[PDB]
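Asker: Below are the structure tokens for one structure; questions will follow.
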Ligand SMILES: CCOc1cc(CC(=O)N[C@@H](CC(C)C)c2ccccc2N2CCCCC2)ccc1C(=O)O
Ligand SMILES: Nc1ncnc2c1ncn2[C@@H]1O[C@H](COP(=O)(O)OP(=O)(O)OP(=O)(O)O)[C@@H](O)[C@H]1O
Ligand SMILES: Nc1ncnc2c1ncn2[C@@H]1O[C@H](COP(=O)(O)OP(=O)(O)O)[C@@H](O)[C@H]1O
Ligand SMILES: [Mg+2]
Ligand SMILES: [Mg+2]
């Protein structure tokens, strides 16, 4: 008995029942979901797939044959289950015919009801078993493919010829999408054979039941596959265009958020809002065609069946002597409902098959890519794959336990020599003799997305003693302390960015820490200060490494410390000039030794569905559209039910002109209302998306700066990228499907109840059962989706990590550890996805048994209760129909809940408070040339960044003469920038008042105040587009004024050199210019602003010495007339000022002419 009970448990997915039921007390964390059975682990699947692929390559090799030889048996079994399911499912129409007409007990009309019940139960059990088996094999294939491509990545070659700039993109695409497309094709694989057979058998059954008149309907419906494929192609094209425009919009939005403070200061927030709204309008224009084609798809899907039914029954009435009997009519109707789904989804199956062919071609093209005392080399020619000898005639020697520095000119080949030693380059000749893992500090530093502690340890055992030794020797303890968490701090692309010097120091620390006898350091001092380099060499290279008697080779152009080098390698143009000790080199090569000296001298609580947010989304478009949607859908479903009831009435009898006319009118109304409802739903979706995004962008850009400082930019960009995409594309189709399924189920229930009143007694318990299933599945699946996504993200992150810095991994010999990590991550992701699919199967099976119970009850009650044969057929038809949609209603309800979560996020963002833009003072009281005078005063200023915080500035009072140069200085965190922000009003004023030109700055429309004031920040920021755009996006000044400003800033020559002059394009972040160039561009912007007041915060900061001097000259000359308030670090510049206000942790402190306070914290700083 036990094996049979276990088979039943595996058939109804009872093993997921406990998990789903426990999804209430505690969310489903990874502990609840056990580990994969050894059969489904990624290691075994990878072994099988690799074995098959190698067998293929034994005799060009095809991934298709390897995949078949690996996972053909599971899919063959799934196909067998699918065929049995189709055969049993065609017991619906046949049994409907038998029951509607009514030793051989099969015609008793009661045994047929229980036969229908059993056949339906077996059909759905087999169908769900087939789905689960195909999904299991698909996930196994995804695991195997990920492991195989990861091994190839580990075995890739780093030559620029093969691993191009887009190689990382290709690998990431393979991991993310291509493998997913192949997995989905595996999921849908049984359909490619199950659906054509089902369609052919359905058409044959229609022909047998309904005479030759079934051919017309069969052809009309079969025309539904080409149409669906055509509109699917159109949808793909429209979605590609929409994604392009959305990417442009998101680039603009990200640029806006990154540097919001500067935009708000410069009153350019609304200009960039208009710029983003232009791209949003284009995206909505594209989405209009996308939604039009989606509406056409839904209209075809819901209308072609009705047109086919109309044609079939008109032809049968006007071309067959016998009248339309009830049994045959409703059997044909059920067969049409059965065949509509295969014909609609065959297009999707074929589309995925084509995409999988493309994906496999891409994967194969990738897999066919280029790959591959202490140390002595002899007669070694190394090439990067081109064929030319990049390095020739190498006779290098690296004595054990000694320092061997390799020096040469740039482009010499030193890094190439190290990589060749590591085996990353093809060895045309020669050999490399080892007398094992070697620590490698790549010339380009590489850091994992893990924490600093893990990155520096890099998998080795933690030793606080050695950790501190390396950190102090690396001089990284201060930079570590400055981190928000110190150790255990996220870094890398996703983590907190670090300066290049910090990254290189981290990499050098990693190389030093690990226990290896050979250490390869390549230009560790490229991004380090002279003092930092000296400390690193004296403490780490000389002492720390010599303590363990390790072997170190250092590649650096800094000839300094060449005396400390036990061995020296002189290389030039890919060839060793001389190798040996400094004294030996000088004795043998006097010229070289003297040459180096020349360079030396040079210097769960909540689970309720969000109904409030759902209603808010529904009403967002407008009450008229919502009313039209509801009315159109109700009228369409009433017309469809009327069509079926009119069919029943027509078949009741047993001339036909009246019935045919009425039926044709009803079918025409049905198709017209299908079109109307599709258009209305898409219209509502479009209006909702437009309104929501418009309001969200406006509110966010108009919000306070404190919000931007608090909320990470990641969250806001996610609200603009993921939530916006959901609202645009996923919500409308999901709502359409949910409403269609809900109304179909309700109409079926109502029609069954009317035809068979007794059905309500058995409907009462099934309602409770369905409610419980709905609740439990909704919560469980909502949790499992989050689990799956959170598990998926680290997998792509790890693939990106391994793709980069491959040389570091293969130099540490830590490839095995990374491979094991990948196997663990992919196993976790696969188990998460598999259990999500298992929850789906659980729900589907329970709802299938519920539908079987509904069908049994409806059949028995209708047979018992006398009724028109047509009415009995109608009841049975709807009892079969409700079964197919009971599952989809709940699944779409869960999806709608998930998406209303995102809409709730957007709504919450809409509720953010807005800055007090409105100014108390009358606009008419603000003269146009208000800031011309330059008069400025302060009255015990007290500014707090946010309420309930200690005042950054407290009781500051000062007077500034018109057209006067004022200076500001102080130690870090002294509140210097607080005064500037108060000037601009961005930072709220806790107490006091500031008067500019005899007006209260606080009591003014903040836009006017911001526009007519000039501010320069520490790091210059440039916005994408033309130079003219950056000079004045408002376009409220003559073009020649821009040339005058450029000439004043001394940038006229640079602009002229670039093509197009003022129209020369500019890249985000100033990548098209040097830092000094960006700073002088900002200075030119301030000049063209003609504010007459200049505020500078670290203008010289991050500025070249020549850049600093030219900026100082420009400030002295151009802005002489206008007031200048300088907040700088170097006191040198402020010396030329006439009034300096130094502050210390909230105190006006010193205020007098530079000489006045020199009669003395200022003197100490100077
Ligand atoms: C992650 C998807 O894993 C599945 C995988 C399957 C296997 C499968 O050949 N389905 C047929 C549907 C059957 C009823 C015709 C199909 C065909 C084309 C497109 C999508 C689909 N299906 C995929 C979802 C959209 C409609 C049904 C079933 C169900 C699932 C599932 O979600 O649980
Ligand atoms: N990964 C690579 N793939 C292909 N060719 C490379 C690669 N790295 C360097 N080369 C080429 O090999 C030759 C020497 O490269 P190498 O890395 O030694 O440059 P370098 O400027 O001497 O380095 P360093 O920064 O250490 O001074 C040059 O032709 C360089 O273009
Ligand atoms: N966005 C902010 N929100 C709240 N407080 C801040 C913010 N920025 C700086 N502060 C606080 O204000 C004080 C003054 O810093 P400040 O003088 O502006 O720095 P800097 O010298 O770099 O200009 C600091 O001690 C800091 O903690
Ligand atoms: Mg190099
Ligand atoms: Mg500052």
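Easy rule for this one: first residue shown is 1, then count along the chain.
Keep in mind that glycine also has a Cβ here, set from the backbone N, Cα and C atoms.
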Asker: Regarding membrane topology, does Swiss-Prot annotate residue 322 and residue 710 with the same topological domain?
Answerer: no
Asker: Swiss-Prot lists transmembrane segment for one of the ranges 828-848, 849-869, 870-890, 891-911; which is that range?
Answerer: 870-890
Asker: Scan 575-595, 659-679, 680-700, 701-721 against Swiss-Prot and say which stretch is down as transmembrane segment.
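Answerer: Of 575-595, 659-679, 680-700, 701-721, Swiss-Prot gives transmembrane segment for 659-679.
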Asker: What same-chain residues lie close to the transmembrane segment (330-350): Cβ under 8 Å, and 6 or more beyond its ends?
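Answerer: Contacts of the transmembrane segment (330-350) (Cβ under 8 Å, skipping residues fewer than 6 from its ends): 89-90, 92-94, 96-97, 100, 188, 191-192, 195-196, 198-199, 202-203, 205-206, 209-210, 214, 217, 221-222, 224-226, 228-229, 232, 301, 304-305, 308-309, 312, 644, 647-648, 651, 870, 873-874, 876-877, 880-881, 884.
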Asker: What's the end-to-end span in Å, taking the Cα of residue 372 and the Cα of residue 373, for the 54-residue unmodelled region?
Answerer: 25
Asker: Tell me whether the transmembrane segment (870-890) sits in contact with the transmembrane segment (182-202), defined here as at least 3 Cβ pairs under 8 Å among residues 6 or more apart in sequence.
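Answerer: By the criterion, they do not touch.
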Asker: Can you tell me the CA-to-CA distance separating residue 411 (ATP 1 binding site) and residue 972 (ATP 2 binding site), as a whole number of Å?
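Answerer: Their Cα atoms are separated by 41 Å.
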Asker: Which residues of the same chain, at least 6 past either end of the transmembrane segment (659-679), have a Cβ under 8 Å from a Cβ in it?
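Answerer: Tertiary neighbours of the transmembrane segment (659-679) are 295-296, 298-299, 302-303, 306-307, 309-310, 313-314, 317-318, 629, 632-633, 635-636, 639-640, 642-643, 646-647, 649-650, 736.
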Asker: So which of 411, 415, 971, 975, listed as binding-site residues, have a Cβ under 6 Å from an atom of ligand 3?
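Answerer: Cβ under 6 Å from ligand 3: 975.
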Asker: Which secondary structure state does DSSP assign to residue 415 (ATP 1 binding site), in the simple three-class scheme?
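Answerer: The three-state answer is helix.
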Asker: Using DSSP, what's the helix, strand and coil tally for the topological domain 'Extracellular' (773-869)?
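Answerer: With helix first, then strand, then coil, the topological domain 'Extracellular' (773-869) has 89 helix, 0 strand, 8 coil.
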Asker: Just to be sure I understand the contacts, which binding-site residues have a Cβ under 6 angstroms from any atom of ligand 5? Candidates are 411, 970, 974, 977.
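Answerer: Result: 977.
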